[PDB]
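*Asks:* experimental structure and sequence below.
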Amino acid sequence: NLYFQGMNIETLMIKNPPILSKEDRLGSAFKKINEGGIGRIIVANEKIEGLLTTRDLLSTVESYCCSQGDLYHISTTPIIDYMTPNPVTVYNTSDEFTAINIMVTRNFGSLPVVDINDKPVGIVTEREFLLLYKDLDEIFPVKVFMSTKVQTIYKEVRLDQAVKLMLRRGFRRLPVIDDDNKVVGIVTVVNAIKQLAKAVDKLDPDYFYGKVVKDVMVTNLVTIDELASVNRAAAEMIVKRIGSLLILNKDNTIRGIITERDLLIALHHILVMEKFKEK
Ligand SMILES: Nc1ncnc2c1ncn2[C@@H]1O[C@H](COP(=O)(O)O)[C@@H](O)[C@H]1O
């Protein structure tokens, strides 16, 4: 029961997360965005001012289909123009359950952690709460928390179109299918931002607009049985360094997807329920 027995959220947080100042430009952000695999940059000087997410950065090309000049202008854009200002944060002395509740109820994939003077000291993301499953009973199967009406994309579809769809539906990841509707990969916002970062760095739109999803997608298919525990799902996500697991039909078509967001939702439920069972 020791992961739940931490004095506070400092037990879980990533220290030294990527930070930039409000005076910095998006070019610098494109270089740092995937540092530590966080996928977000805290914007701060003395105090936290904003949070620049992967979505925030991918939105820079939302109204293009994009010149060398356009990419240069993105590169030189002040971070303040795209950051989420006044982000929700937790204090370093605060508890793990409150952080889970915030993320679950208000739909945040990360919380900056700040000290009493509002200075950033760390960050917690969905990934950091996966360790809490080590101390838990096996209560729920993957089937209960997986999503089943899975949005997929065909493997030859343009990456810019993949991005539009992800941003529109609010998914970080789309399983990729072939001619027989079999799953051949997963394209992710991390994939997409790697490519957009290259396009921005080189002022060359081809790195983003010239790619199809099969060119950049994750090709490791990590699957799980829908009757396996959410704890096993969590453990596997930690070991395989991924944020989703696929549930496949016998014919290798998609049945469902379970993500670290789903596992956070489930964890919230487990914790709330263990409050009741002690009654
Ligand atoms: N491609 C997808 N199709 C349908 N649901 C998804 C997809 N990707 C993620 N989800 C679900 O959408 C929610 C957000 O997950 P995430 O994309 O990890 O932030 C979770 O309930 C996931 O199960």
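*Replies:* Happy to help now that I have it. Residues are numbered from 1 along each chain as shown.
*Asks:* residue 266: helix or strand, and which one exactly?
*Replies:* helix 260-277 (DSSP states H and E).
*Asks:* that helix vs the ligand: in contact?
*Replies:* Yes: for helix 260-277 and the ligand, the contact criterion (C-beta under 6 Å from any ligand atom) is met by 261-262. For every residue, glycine as well, the C-beta is placed using N, CA and C.
*Asks:* other SSEs contacting that helix?
*Replies:* helix 96-106, helix 126-129, helix 142-145, helix 230-240 (3 or more C-beta pairs under 8 Å, 6 or more residues apart in numbering; DSSP states H and E).
*Asks:* please name the residues that touch residue 146.
*Replies:* 226, 247, 256-258, 262 (C-beta atoms under 8 Å, 6 or more residues apart in numbering).
*Asks:* and what about residue 111, helix, strand or coil?
*Replies:* strand (DSSP: H, G, I helix; E, B strand; the rest coil).
*Asks:* residues from the stretch 51-200 of the chain in reach of the ligand?
*Replies:* 147, 150-151, 171-175.
*Asks:* this protein: helices as residue ranges?
*Replies:* 26-32, 54-58, 68-75, 96-106, 126-129, 142-145, 159-169, 189-202, 206-209, 213-216, 230-240, 260-277 (DSSP state H).
*Asks:* list just the one of these that sits closest to residue 2.
*Replies:* Proximity to residue 2 (C-beta to C-beta) singles out helix 96-106 among these, at 11.9 Å.
*Asks:* neighbours of the closest residue to residue 21 other than its chain neighbours, how many?
*Replies:* Among residues not flanking residue 21 along the chain, residue 45 sits closest, at 5.3 Å (C-beta to C-beta, 6 or more residues apart in numbering). Residue 45: 12 surrounding residues under other C-beta atoms under 10 Å.
*Asks:* about what we covered before: closest one to residue 191 out of the residues of the stretch 51-200 of the chain next to the ligand, please.
*Replies:* For these, the nearest to residue 191 is residue 173 (8.8 Å; C-beta to C-beta).
*Asks:* what sits against that closest one?
*Replies:* Neighbouring residues of residue 173 by C-beta under 8 Å, 6+ apart: 166, 186-189, 243-244, 257, 259.
*Asks:* residue 93 too?
*Replies:* So residue 93 contacts 8, 116 (C-beta under 8 Å, 6+ apart).
*Asks:* what's the separation between it and the ligand?
*Replies:* Counting by C-beta to the nearest ligand atom, to the nearest Å, the gap from residue 93 to the ligand is 28 Å.
*Asks:* likewise residue 203?
*Replies:* 30 Å.
*Asks:* repeat that for residue 239.
*Replies:* Relative to the ligand, and taking C-beta to the nearest ligand atom, residue 239 is found at 18 Å.
*Asks:* count the residues that sit near residue 244.
*Replies:* By the criterion of other C-beta under 10 Å, residue 244 has 24 neighbours.
*Asks:* show me what it bridges to in the sheet.
*Replies:* Here residue 244 sits in beta bridges with residue 259, going by DSSP bridges.
*Asks:* from the ligand, how far out is it?
*Replies:* Residue 244 is 6 Å from the ligand, by C-beta to the nearest ligand atom.
*Asks:* residue in the stretch 1-150 of the chain nearest to the ligand?
*Replies:* As assessed by C-beta to the nearest ligand atom, the ligand sits closest to residue 147 within the stretch 1-150 of the chain, at 3.5 Å.
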